[PDB]
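Asker: Quick one: the structure is below, and I'll ask about it shortly.
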Ligand SMILES: Cc1cn([C@H]2C[C@H](OP(=O)(O)O)[C@@H](COP(=O)(O)O)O2)c(=O)[nH]c1=O
Ligand SMILES: Cc1cn([C@H]2C[C@H](OP(=O)(O)O)[C@@H](COP(=O)(O)O)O2)c(=O)[nH]c1=O
Ligand SMILES: [Ca+2]
């Protein structure tokens, strides 16, 4: 008889990190300027589902490095991620599924864009901002 | 200066007939034995794709099963039967008219009759691929 052997599915998307092909090689990217709840926190599954749909349904993904630091201390490419023109970082925050975080000079070009989205999500008391 | 946008592509765990799995401690792309699934730009591609993704993403236990002939195809893909909680994905897609039996070679054809049988049945119910008129006309 043939023999069954274990294996486990690879995950490209893990919270604020996504594994993409860049310059013909795989690379781990960590979304700039945001902090998304983990799968075991409130809104964590919702934020994962939103990211998955946004990125898997994109014909075109682009990354935009900022000017201050290309890679964090853990080897992750720090970037804004675009799915068919729309910034994933911004969309999450707009939907109240991520907060603005890790904002540092040099790597904070789109900070105002994100703070604007966050203000709107808080005013709407949406998702993360629905809690007391 | 404005920042510049650069291209990249999503790394896809599931893509057509291929699945990327961690196997003996290392990542490996596998090609499902004995089947041909429509690609995402072809009809039922997004369906066959969703059914695969459902089956495999929701599995608690994934297994691979190599056959007795070629282990790796000429594109560097491991050739295997893929199981999700004990149910073979290869067989399931064929039974659900979401893939055709194909690429059947002596040595790597242990499950040929199981699948051909599933394909035979799949036509009669006329589901998905086989729900089109004359889709079973061998064109
Ligand atoms: C987003 C981001 C995170 N980080 C670091 C800070 C955290 O390190 P410390 O854990 O050592 O405090 C970590 C959070 O990433 P994750 O949220 O992916 O874990 O990544 C940066 O250094 N720069 C950044 O721009
Ligand atoms: C299933 C299978 C495919 N292949 C090859 C045949 C096709 O090569 P050609 O492209 O040269 O025709 C290709 C189809 O794979 P995909 O259907 O995943 O694209 O993989 C094998 O060599 N052995 C197999 O067992
Ligand atoms: Ca195919």
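Residues displayed in chain A correspond, in order, to Swiss-Prot positions 88-127, 134-225.
Header lists the method as X-ray crystallography, 2.0 Å.
Every residue, even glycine, has its Cβ placed from backbone N, Cα and C.
Got these off Swiss-Prot a minute ago, pasting:
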BINDING   A:103, A:122, A:123  Ca(2+) binding site
ACT_SITE  A:117  active site
ACT_SITE  A:125  active site
ACT_SITE  A:169  active site
Asker: On a count of neighbouring CB atoms within 10 A, which of the active-site residues A:117, A:169 is highest?
Answerer: A:117
Asker: Just give me the nearest neighbour of residue A:117 (active site) among the recorded positions A:123, A:125, A:169, Cα to Cα.
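Answerer: Nearest by Cα distance to residue A:117 (active site): A:169.
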Asker: Under 8 Å Cβ to Cβ from residue A:122 (Ca(2+) binding site), same chain, six or more residues apart: give me those in sequence order, or none if nothing qualifies.
Answerer: A:103, A:191, A:192, A:193, A:194, A:195
Asker: With the cut-off set at 10 Å between Cβ atoms, which of these recorded positions ends up with the most neighbours? Options: A:103, A:125.
Answerer: A:103
Asker: In angstrom units, rounded to an integer, how far apart are the Cα atoms of residue A:169 (active site) and residue A:123 (Ca(2+) binding site)?
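Answerer: For residue A:169 (active site) versus residue A:123 (Ca(2+) binding site), the Cα atoms are 16 Å apart.
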Asker: Starting from the Cβ centroid of A:103, A:122, A:123, the recorded Ca(2+) site, name every other residue in that chain with its Cβ within 8 Å, sequence order please.
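Answerer: Near the Ca(2+) site, the remaining chain residues are A:102, A:118, A:121, A:124, A:140, A:185, A:191, A:192, A:194.
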Asker: Checking proximity to ligand 1 here: which recorded positions out of A:103, A:117, A:123, A:169 have their Cβ closer than 6 Å to it?
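Answerer: Among the recorded positions listed, those whose Cβ sits under 6 Å from ligand 1 are A:103, A:117.
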Asker: Are there residues of the same chain, six or more positions away from residue A:123 (Ca(2+) binding site), whose CB falls under 8 angstroms from its CB, and which are they?
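Answerer: Counting only residues 6 or more apart in sequence, the Cβ neighbours of residue A:123 (Ca(2+) binding site) under 8 Å are A:102, A:103, A:137, A:140, A:144, A:185, A:190, A:191, A:192.
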Asker: DSSP secondary structure for residue A:117 (active site), reduced to helix/strand/coil, please.
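Answerer: Assignment for residue A:117 (active site) reads strand.
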